[PDB]
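>>> fold the following.
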Amino acid sequence: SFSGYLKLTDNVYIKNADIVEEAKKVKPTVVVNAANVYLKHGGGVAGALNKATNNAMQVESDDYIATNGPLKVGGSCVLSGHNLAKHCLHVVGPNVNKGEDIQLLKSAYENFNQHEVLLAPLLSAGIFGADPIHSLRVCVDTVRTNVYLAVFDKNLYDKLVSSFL
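Residues are numbered from 1 along each chain as shown. Next comes the structure:
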């Protein structure tokens, strides 16, 4: 199971790790993807998770979008976890670089409450443009289920832990 995590709260854990490497090691029930409404896994966590599945996640996502249309910002969908997890919960946090409403970050994290345990990135952080310190704050104030956060960037991991209230 999950190892080397620092406990932030009763249910939120954090580790400086590559989420793809964590997923291959643990093979959790749910790995969260930092998705966009079109499930186009181009960069950041999405591009990295997709590449680890040999593009199977993108082929599956294209079929999902053809059948159901795009997701909403703040929404999610459960698809296969392929070689990384039992399932992948594709969650759409607001992308500030696309002018999306940062207020939707709480709705995005609420999707985690439908799963007892998850391996996840900080939503809307990285290329999504939001402040990761604010994303961690929304995470601990919204998620009630067991969330194991993987933070790729070492300097950011240290800043998140050191500034955690």
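>>> from now on I want contacts and neighbour counts done on CA atoms only, so please keep to that.
Will do.
>>> would you indicate which residues of the longest helix along the chain are buried?
Counting residues, the longest helix found in the chain (DSSP state H) is helix 56-68. In terms of neighbour count (16 or more other Cα atoms under 10 Å), helix 56-68 has its buried residues at 56-58, 61-62, 64.
>>> stretch 146-164 now?
For stretch 146-164, the neighbour count (16+ other Cα under 10 Å) marks 146-152, 157, 160-161 as buried.
>>> coming back round to it: now do the longest helix of the chain: distance to the chain's middle.
Relative to the chain's own centre, helix 56-68 is displaced by 18 Å; criterion: Cα atoms, centre = their mean, to the nearest Å.
>>> following that helix, which helix or strand shows up next?
As assigned by DSSP states H and E, the chain's next helix or strand after helix 56-68 is strand 76-80.
>>> show me where the protein has its helices.
Along the chain, counting by DSSP H, helices occupy 19-26, 44-52, 56-68, 105-110, 132-142, 154-163.
>>> list the contacts of the first one.
Pointing back at helix 19-26 there. By Cα atoms under 8 Å, 6 or more residues apart in numbering, the residues outside helix 19-26 that reach it are 1-2, 31, 45, 48-49, 52, 83-85, 119-121, 150-152.
>>> now, which of the residues you listed lie within strands?
Among the contacts of helix 19-26, the subset assigned to strands under DSSP state E consists of 31, 119-120, 150-151.
>>> could you dump those to CSV with distance to residue 128?
Shown next, in CSV, are the ones in strands among the contacts of helix 19-26 (distance: Cα to Cα, whole Å):
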residue, distance to residue 128
31, 18
119, 19
120, 15
150, 16
151, 14
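>>> list the contacts for residue 128?
Residue 128 neighbours (Cα under 8 Å, 6+ apart): 93-97.
>>> go on, residue 136?
Contacts of residue 136 (Cα under 8 Å, 6+ apart): 122, 160.
>>> do you know how far it is from residue 159?
For residue 136, the distance to residue 159 equals 11 Å [Cα to Cα, to the nearest Å].
>>> if we can go back for a sec, closest one to residue 110 out of the contacts of helix 19-26, please.
Residue 110 has its nearest neighbour among those in residue 120, at 13.0 Å by Cα to Cα.
>>> wait, that closest one touches residue 150, no?
Yes - using Cα atoms under 8 Å, residue 120 and residue 150 qualify as a contacting pair, with a distance of 6.1 Å.
>>> tell me how far residue 27 lies from residue 85.
The spacing between residue 27 and residue 85, counted by Cα to Cα, is 5 Å.
>>> good, wrapping up.
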